[PDB]
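See below for the structure under consideration.
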Amino acid sequence: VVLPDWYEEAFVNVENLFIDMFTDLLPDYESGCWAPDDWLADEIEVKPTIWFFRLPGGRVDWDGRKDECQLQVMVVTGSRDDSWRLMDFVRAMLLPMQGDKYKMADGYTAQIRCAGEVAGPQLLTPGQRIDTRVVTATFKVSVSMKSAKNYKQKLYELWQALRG
Amino acid sequence: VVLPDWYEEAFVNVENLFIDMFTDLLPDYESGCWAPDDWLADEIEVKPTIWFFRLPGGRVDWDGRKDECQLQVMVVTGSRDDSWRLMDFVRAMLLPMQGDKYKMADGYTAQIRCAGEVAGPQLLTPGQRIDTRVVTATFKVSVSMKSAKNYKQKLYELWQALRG
Amino acid sequence: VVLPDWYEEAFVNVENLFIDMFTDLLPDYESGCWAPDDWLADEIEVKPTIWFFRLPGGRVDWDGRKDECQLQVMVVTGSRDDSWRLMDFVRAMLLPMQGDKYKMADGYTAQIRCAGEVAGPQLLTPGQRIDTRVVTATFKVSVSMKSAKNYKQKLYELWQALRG
Amino acid sequence: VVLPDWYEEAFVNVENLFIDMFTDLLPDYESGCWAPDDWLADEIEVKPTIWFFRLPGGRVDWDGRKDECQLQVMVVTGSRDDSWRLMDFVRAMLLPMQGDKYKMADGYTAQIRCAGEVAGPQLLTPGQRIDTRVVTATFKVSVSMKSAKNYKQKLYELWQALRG
Amino acid sequence: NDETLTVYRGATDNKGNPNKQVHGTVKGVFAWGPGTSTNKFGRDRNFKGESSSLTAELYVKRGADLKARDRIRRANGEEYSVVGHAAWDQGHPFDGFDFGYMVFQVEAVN
Amino acid sequence: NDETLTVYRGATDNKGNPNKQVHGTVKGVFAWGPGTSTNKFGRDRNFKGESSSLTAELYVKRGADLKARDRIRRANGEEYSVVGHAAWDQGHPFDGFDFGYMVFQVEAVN
Amino acid sequence: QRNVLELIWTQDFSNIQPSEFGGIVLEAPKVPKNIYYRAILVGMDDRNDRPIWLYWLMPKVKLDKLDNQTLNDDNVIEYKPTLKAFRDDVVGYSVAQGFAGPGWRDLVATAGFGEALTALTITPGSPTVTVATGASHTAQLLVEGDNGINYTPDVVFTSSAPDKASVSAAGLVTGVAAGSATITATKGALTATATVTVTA
């Protein structure tokens, strides 16, 4: 952590927002954006996990203070019915999101503008993992920006100090 | 270096501009467009590096003195959070760039017109490198031309001298 | 060489035009459309070479006396900077080409109408060749036709002589 | 050959037209639509051959008495210059074709309406064959129909005789 | 014993036009297999028509006129192409004895 | 016995411009095959033109100046590139005897 | 540049002078003057060393309408004003199409203009050139066809007797030795014979 002090942050990291809000909603079922070794230790019985991986798609405008990304939702568990009901719960908690606030442990509270839908649920065939049931879907999630002020100034004075 | 003297240069090499400006901004963290052997020597602990590789996309007009390319930004480091914050810093330093100047060690100062965005961040799965976290995104960067004068004359007299 | 005498030629072979003009411009650096064994003999130190390979794309009209092709430019050398400056020189000698003449050793002088641009520079990863640096770009080059007279007559009398 | 007598033929087999007309034009150089074993016997020195293979593309209307197909032109020989000049001769004999007649050994004379162009020359890399030089091009050739009368009648009486 | 082989030598220039001429006659033997089996015949598949692909080994005397990137014609009519530098072209690392034999991975196309 | 080999050493920086200079001479022998056969020659296929690919093994004395990510030129003119750390570079696990030999998987491109 | 701004603003920026620091102002007229301009619209086409020249001659033109220009960050400023050609009085023509160039001479007969080229003759019948460097030491040839058009720059001349007089492609007749020589002029199909007498 040696980033310059005059710069604090640019974006919200909406996947961190989502994983934190899902962990807070139901602490019993863990959620994240990785594959912990503890979860991979047991496969016949697996704790239901929600995974969010960023996918390409969607432009961005700094002037309009708008950001969007095609963040996908992937749920894995030991039963097809459990996976389907978890996906239904996630869709009920994401699709009807129009101007909703949620606060992170960092201090700032994010603003979700609209969470769209691109592709429906995908019951992927069991490959490397057989017993676990996995369902994949993609959401078009648009989020606001924390700070949209431009950093032309400091770059300009750094350039002037370095060369002139 | 045996290029003809009457020709000096045509384009700006915007990736050299970007790597030089990022190295000047934070000299502690190295940045470039290759994979140095010193960086590849250690992989459990890696110095954060910013890589710019040119990708196809975007036309060019000599008459309008405008050039554009789909230069991509790839950041590699030992932590997902570090990679995400570095990508956020890069995006904050690139997207709000509208008519900005920066001087190279060659002598000329380039002019960045507008740096767009095509695809969002890509958390690539760990393949050959496991511990390192890599995030890939593509930027639509448009840069001005240094000199747009035509070289019809010298080619014509060379042709006349060679044949006639 | 047993082609009929009444037919001399149809097209210009614009890649031959380009390789000949580049060889004439700088005879020290060889250029062509193949891979000579002498060049492949040494790889740590390589003479810079310009390669033109024809690619699909672009229609043609005999009535309008206009021909076009998506001829690509590929440069290979022992340094990335040398490859970049050679590509810049090629673009300076190609993009500002609007109605330019150049004579071949055959006897006719070709007329380059306009050399467009499709894809930007491609810094291909070192595969079979490691030390050499290669950059690939595609140009939309349109060239005029040498002779556009129709050969309906001779075919018709040949058909009449053969059958009737 | 046990086809019904009331049906004689439907289409022209335009590739047979082209191979026959090219063989008649220059009998010294053989041309066809296959790979004879005699030609494959010798590869260092090869007799120049013109190959026409049918490719998809182009609709057809029985009412308008019009047919079209994306027949491609592939030339193979022992020298790049020979292949290029042969392709130029083929384009000179094919592109300026607007309402041209040529008679087959079957008895009917075909009518070539227009021979368009889709893709430019393709200097394929030497794979299985190394010494031989091959250039591939695709032509949009439109040809007329020999007989466009409908065969509803005979099918109807055959159906009536079989079932009723 | 051995059978004479016709060798064709030529270097492709920037124009891409091969110029192969007769370089003489070379004595060698063919080996259609590394061990007790034989190499399978390749299938063109994509190429329009029918053909075959073969990779054999050629044994020739040391210091022969044959060199890589050349063409070889047998006594029956088939023409082969040899690529790559000769292998096992060195003496004994311990003592320095010379076998006088080298292997050429010649590609049979006819 | 052995034959001298020219070694070229260079480290690519962020600019991507290799700087290979002469590092001296190294003594070693080549082995174009793991056992009683020889490695097949690769085909570029996609590359415009004709070339070859080869993966050989290089035997060198222990503690030599040769190191991975270097270039090797033979006495005939062919230039090879060696990648990857040396293998079998350890003593006897049970007793501790040192053979003094290491294998380098050098890629032959010329 | 000067002409573009003058045409787009309908003024005469002759009295204007750049300031000591380069500051300039382009002033729109208080009353829009209807200044007329001379326009030449010439094209180019090349056939070997003899190109084709075509032009749209017009001795009177003025502004008709200026389209809306976009100066955003994706292209340079675009000035695309349409001009309506007018009719001039001192010359009597408004729009004229003209073809020129050495190449046009080759296909002028094919285009149907005039008559087909079927006859040719070298205008100097028996030119006399002095061996010494005198007033008439050098002579210039000029072959004339049936169409009344010169064919000197394209038709090459071959001297059957270089010892007496040699004629190059330029048609020069200097003379090496006194005597009579025969010169043949051909372009691609027509042969013309001329006799040149050389004396001291």
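Coordinate-derived values only; no laboratory data. As a convention, Cβ positions derive from the backbone with ideal geometry for all residues, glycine included, and neighbour counts pool all protein chains shown.
What separates the Cα centres of region C:26-70 and region G:1-54 is a distance of 42 Å.
Under 5 Å from the amide H of residue F:12 lie the amide H atoms of B:37, each residue being 5 or more positions distant or on a separate chain, with H modelled from the backbone and absent for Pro and chain starts.
Per the Kirkwood formula applied to alpha carbons, the protein assembly as shown shows a radius of gyration over Rh ratio, Rg over Rh, of 1.02. Taking the label point 7 Å along Cα→Cβ, residue E:65 and its counterparts in the other copies are spaced 4.1 nm apart, in ascending order.
Per-residue 3J(HN,Hα) values for region D:53-63, derived from phi via the Karplus relation 6.51 cos²θ - 1.76 cosθ + 1.60 with θ = phi - 60°, read 10, 6, 10, x, x, x, 7, 8, 10, 6, 5 Hz in sequence order (x marks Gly and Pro).
Estimated from the Cβ-Cβ distance and a Förster radius of 22 angstrom, the FRET efficiency linking residue F:47 and residue F:69 is about 0.45.
Per residue, the convex hull spanned by the alpha carbons of region C:57-146 comes to 123 Å³. Both numbers refer to the Cα atoms of region A:45-84; Rg and Dmax are 15.5, 49 Å. The phi torsions of region A:16-30, fed into the Karplus equation with coefficients 6.51, -1.76 and 1.60 and a -60° offset, translate into couplings of 5, 3, 5, 5, 5, 5, 6, 5, 5, 5, 10, x, 5, 9, 6 Hz, rounded to whole numbers, with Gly and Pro shown as x.
A straight line joining the Cα centroids of region E:19-74 and region C:97-164 runs 36 Å.
Net charge of the neighbourhood of residue D:125, taken over other residues with C-beta under 11 Å away and scored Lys/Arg +1, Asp/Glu -1, is +3.
The spread of Cα positions in region A:37-107, taken along each principal axis and listed from longest to shortest, comes to 50, 28, 27 Å. Cross-link check: pairs B:66/F:48; G:33/G:80; E:27/F:48; B:149/C:47; A:47/A:101; C:47/C:101 evaluated at a Cα-Cα cut-off of 22 Å; pairs beyond the cut-off: B:66/F:48; E:27/F:48; B:149/C:47; A:47/A:101; C:47/C:101. Scattering from the C-alpha atoms of region G:65-157 alone, worked out with Debye: what is log10 I(q)/I(0) at q = 0.10, 0.24 1/Å? The calculated log intensity ratios at q = 0.10, 0.24 Å⁻¹ are -0.62, -1.19.
So for chain A, what are the equivalent ellipsoid semi-axes in whole Å, largest first, each being the square root of 5 times an eigenvalue of the Cα gyration tensor?
On the way: eigenvalues 263, 66, 44 Å².
The equivalent ellipsoid of chain A has semi-axes of 36, 18, 15 Å.
Across the options C:104, F:21, C:138, the greatest Cα extent toward the positive end of the charge dipole of the protein assembly as shown (unit charges at beta carbon of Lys, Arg, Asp, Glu) belongs to C:104. 3J(HN,Hα) along region D:83-95, derived from phi through the Karplus expression 6.51 cos²θ - 1.76 cosθ + 1.60 where θ = phi - 60°, amounts to 5, 5, 5, 5, 5, 4, 5, 4, 5, 5, 7, 10, 4 Hz, with x in place of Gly and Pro.
Between identical copies, the spacing of residue C:8 label points, each set 7 Å from Cα toward the C-beta atom, reads 4.5, 4.5, 7.8 nm from nearest to farthest. Amide H contacts under 5 Å for residue D:95: none, restricted to partners 5 or more places along the chain or on a different chain, H placed in the peptide plane at 1.01 Å from N. A cut-off under 14 angstrom between Cβ atoms defines the neighbours of residue D:36, and their net charge, with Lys, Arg +1 and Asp, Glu -1, is -4.
Taking the number of other C-beta atoms within 10 Å as the exposure measure, put G:88, E:70 in order starting with the fewest. Can you show the working numbers first?
Details: G:88 15, E:70 20.
Least to most surrounded, the residues fall as G:88, E:70.
Under 5 Å from the amide H of residue D:73 lie the amide H atoms of D:137, D:138, D:139, each residue being 5 or more positions distant or on a separate chain, with H modelled from the backbone and absent for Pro and chain starts.
Work the Kirkwood hydrodynamic radius out for region A:97-164: mean of 1/r over every pair of different alpha-carbon atoms, inverted, in Å. Present the calculation step by step, with values, prior to reporting the outcome.
On the way: mean 1/r = 0.0598 Å⁻¹.
Hydrodynamic radius (Kirkwood, Cα pairs) of region A:97-164 is 16.7 Å.
For residue B:160, the distances from its label point to the matching points in the remaining copies are 5.0, 5.0, 8.6 nm, ordered from shortest, with each point set 7 Å beyond Cα toward Cβ. Note on residue A:53 and residue D:59: with the Förster distance fixed at 51 Å, the Cβ-Cβ geometry gives a FRET efficiency of about 0.70. Ordered from longest to shortest, the equivalent ellipsoid semi-axes for region F:33-77 are 26, 16, 10 Å, each the square root of 5 times a Cα gyration tensor eigenvalue. Here E:50, A:15 are placed in order of increasing Cβ neighbour count within 10 Å, fewest first, which gives E:50, A:15.
Using equal-weight Cα scatterers in the Debye expression, the normalised intensity of chain G in log10 at q = 0.08, 0.12, 0.13, 0.19 Å⁻¹ is -0.56, -0.80, -0.85, -1.28. Neighbours of residue E:96, meaning other residues whose beta-carbon lies under 13 angstrom from its beta-carbon, give a summed charge of -4 when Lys and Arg score +1 and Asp and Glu score -1. For region A:1-78, the equivalent ellipsoid derived from the alpha-carbon gyration tensor has semi-axes of 30, 16, 11 Å in decreasing order. Taken over region F:7-95, the alpha-carbon convex hull comes to 176 cubic angstrom per residue.
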